[PDB]
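Structure first, commentary second.
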Amino acid sequence: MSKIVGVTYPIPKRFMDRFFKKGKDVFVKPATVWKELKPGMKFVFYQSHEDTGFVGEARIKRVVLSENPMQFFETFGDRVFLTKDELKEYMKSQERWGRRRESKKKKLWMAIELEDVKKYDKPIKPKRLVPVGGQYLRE
């Protein structure tokens, strides 16, 4: 339904564990998800395909909207799923391996506050495939 409930992401690296480690982490996006992403949803952490998907979930809260990703790494840093070291190699990886993902200007990045991070100790079978772009979980 249009009520939604949350979004689900596989997370491109092993930093799914971050949210379960500290119980409250910050997932950053270089503008990918649309206006369904509101403060007061859930964020289900997808694991892998086959019968073994969805490693856990959490609750989406106050999103910090800023054009510089380094704003999130000076404010949170430790609280963000990846570090600034992971950021700089990631952006380089997109522009040197992804043909030439460059830009004359910077874009609006978003830092989602993830609190109350729940765990699926049960292997939940995905109802559909969750790519790097991620899927909108709606009730």
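Just so we're on the same page: first chain in the structure tokens is A, next is B, and so on; residues restart at 1 for each chain, and ligands are numbered from 1 in the order they show up.
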Distance table requested - segment 67-86 of chain A against segment 25-29 of chain A, cut-off 7 Å, only C-alpha atoms: one row per qualifying residue with the closest atom pair and its distance in Å to one decimal, ordered by chain and rising residue number, as a Markdown table.
```
| residue | atom | partner | partner_atom | distance |
| --- | --- | --- | --- | --- |
| A:79 | CA | A:25 | CA | 5.0 |
| A:80 | CA | A:26 | CA | 4.4 |
| A:81 | CA | A:27 | CA | 5.9 |
```
Any chance you can output those residues with N, CA and C atoms as a compact mmCIF listing (two decimals), in the first residue's frame?
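Dumped to result_35.txt:
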```
# COMPACT_ATOMS: atom_id res chain seq x y z
N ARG A 79 29.67 6.80 13.64
CA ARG A 79 28.25 6.40 13.61
C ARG A 79 27.81 6.01 12.18
N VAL A 80 28.55 6.47 11.15
CA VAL A 80 28.24 6.12 9.74
C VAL A 80 28.77 4.70 9.43
N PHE A 81 28.01 3.92 8.62
CA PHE A 81 28.33 2.49 8.34
C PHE A 81 29.73 2.30 7.76
```
task = Please provide as a PyMOL selection string all residues within 8 Å of segment 98-110 of chain A, with the sequence filter that same-chain residues fewer than 4 positions apart are discarded (counting only C-alpha atoms).
result = chain A and resi 28-31+63-69+93-94
task = Give me the residues within 9 Å of residue 117 of chain A as number ranges by chain, counting only C-alpha atoms and dropping any in the same chain fewer than 6 places off.
result = A: 19-20, 22-25, 43, 56-59
Write the selection just made, keeping N, CA and C atoms, as a PDB file, in the first residue's frame?
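This is the output file again08.pdb:
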```
ATOM      1  N   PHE A  19      25.371  -1.856  12.005  1.00  0.00           N
ATOM      2  CA  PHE A  19      24.067  -1.511  12.582  1.00  0.00           C
ATOM      3  C   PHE A  19      23.710  -2.472  13.741  1.00  0.00           C
ATOM      4  N   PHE A  20      24.182  -3.731  13.644  1.00  0.00           N
ATOM      5  CA  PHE A  20      23.909  -4.784  14.651  1.00  0.00           C
ATOM      6  C   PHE A  20      24.933  -4.713  15.800  1.00  0.00           C
ATOM      7  N   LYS A  22      26.524  -1.806  17.026  1.00  0.00           N
ATOM      8  CA  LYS A  22      26.320  -0.639  17.919  1.00  0.00           C
ATOM      9  C   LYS A  22      24.836  -0.431  18.282  1.00  0.00           C
ATOM     10  N   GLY A  23      23.925  -1.055  17.511  1.00  0.00           N
ATOM     11  CA  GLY A  23      22.475  -0.952  17.763  1.00  0.00           C
ATOM     12  C   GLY A  23      21.832   0.341  17.244  1.00  0.00           C
ATOM     13  N   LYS A  24      22.670   1.293  16.791  1.00  0.00           N
ATOM     14  CA  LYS A  24      22.225   2.570  16.217  1.00  0.00           C
ATOM     15  C   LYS A  24      23.346   3.160  15.339  1.00  0.00           C
ATOM     16  N   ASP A  25      23.150   3.109  14.015  1.00  0.00           N
ATOM     17  CA  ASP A  25      24.153   3.518  13.006  1.00  0.00           C
ATOM     18  C   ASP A  25      23.518   4.557  12.045  1.00  0.00           C
ATOM     19  N   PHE A  43      14.140  -0.016   8.164  1.00  0.00           N
ATOM     20  CA  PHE A  43      15.178  -0.296   7.161  1.00  0.00           C
ATOM     21  C   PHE A  43      15.634  -1.736   7.346  1.00  0.00           C
ATOM     22  N   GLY A  56      18.722  -8.675   9.052  1.00  0.00           N
ATOM     23  CA  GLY A  56      18.029  -7.962  10.135  1.00  0.00           C
ATOM     24  C   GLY A  56      17.181  -6.811   9.630  1.00  0.00           C
ATOM     25  N   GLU A  57      16.752  -5.935  10.553  1.00  0.00           N
ATOM     26  CA  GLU A  57      16.066  -4.670  10.224  1.00  0.00           C
ATOM     27  C   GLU A  57      16.464  -3.594  11.238  1.00  0.00           C
ATOM     28  N   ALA A  58      15.946  -2.384  11.035  1.00  0.00           N
ATOM     29  CA  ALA A  58      16.147  -1.231  11.927  1.00  0.00           C
ATOM     30  C   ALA A  58      15.014  -0.242  11.712  1.00  0.00           C
ATOM     31  N   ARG A  59      15.124   0.956  12.306  1.00  0.00           N
ATOM     32  CA  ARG A  59      14.096   2.002  12.216  1.00  0.00           C
ATOM     33  C   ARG A  59      14.715   3.310  11.708  1.00  0.00           C
TER      34      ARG A  59
END
```
ask   = If you run DSSP on this backbone, which residues of segment 9-48 of chain A come out as strand (DSSP E), and could you give them as a ChimeraX atom specification?
value = /A:9,25-29,41-45
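Using only C-alpha atoms, the protein and nucleic acid residues lying no more than 12 Å from residue 1 of chain A, apart from those fewer than 6 places from it along its own chain, are residues 36, 136, 137, 138 and 139 of chain A.
One distance worth recording is that between atom CA of residue 62 of chain A and atom CA of residue 89 of chain A, which is 26.8 Å.
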query = Hey, can you check how far atom CA of residue 18 of chain A sits from atom CA of residue 72 of chain A?
reply =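 These two atoms are separated by 15.9 Å.
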Atom CA of residue 16 of chain A to atom CA of residue 126 of chain A, distance in Å rounded to a single decimal =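 Taking atom CA of residue 16 of chain A and atom CA of residue 126 of chain A, their separation equals 16.7 Å.
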query = Using only C-alpha atoms, which of the listed residues (A:32, A:8, A:77, A:17) sits closest to residue 134 of chain A?
reply =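 Smallest separation from residue 134 of chain A among the options: A:8.
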